[PDB]
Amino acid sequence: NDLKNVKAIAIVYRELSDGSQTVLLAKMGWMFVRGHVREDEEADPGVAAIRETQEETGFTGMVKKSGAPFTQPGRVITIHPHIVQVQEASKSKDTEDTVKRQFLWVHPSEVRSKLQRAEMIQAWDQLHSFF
């Protein structure tokens, strides 16, 4: 079902009681959530952004912003960047076992320096004005 050449990126964040935000970074350099877009998902890749957020983090959430797609080399890949706010613990049964990852919650001003891949840098520069 996965589209070979279409991906979604989810910039995961939590809203805090004072209105500040904290952004989630993962490392298997530091990355956002990433997964393939599926065929049934290609008309709104935010559906892929949420599902991949659940599979990797155990949180569920909502897409807060959908960014303009951009192109990256492999083959040419179209990337759909999103900001996803997480709200509740996922009940999906695809989260019963997660992939081992390092996680880190950071203030938005400390996000970009930790990114190493161009597609993560691109997604962040397109959308960080939200924070």
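When you see a residue number, it is the position in the sequence shown, counting from 1.
Interresidue gap class [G74, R75; deposited sequence, unmodelled]
Unmodelled stretch: 4 to 9 residues.
Would you class the number of unmodelled deposited residues between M28 and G29 as none, 1 to 3, 4 to 9, or 10 or more?
According to the record, 4 to 9 deposited residues lack coordinates from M28 to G29.
Of 94-102 and 32-40, the one with larger mean CA B-factor
Comparing 32-40 with 94-102, the higher mean C-alpha B-factor belongs to 94-102.
Comparing average C-alpha B factors as deposited, tell me which of 8-16 and 112-120 sits higher.
Stretch with the greater average CA B-factor: 112-120.
Just say lowest, middle or highest third for the CA B-factor of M62 relative to the other modelled residues in its chain.
For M62, whose C-alpha B-factor we compare with every modelled residue in the chain, the answer is the middle third.
Would you mind checking where the Cα B-factor of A48 ranks among the modelled residues of its chain, as the lowest, middle or highest third?
It falls in the bottom third of the chain.
Per the entry's values, where does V86 land by CA temperature factor relative to the rest of its chain, in the lowest, middle or highest third?
As the PDB entry reports it, the C-alpha B-factor of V86 lands in the middle third of its chain.
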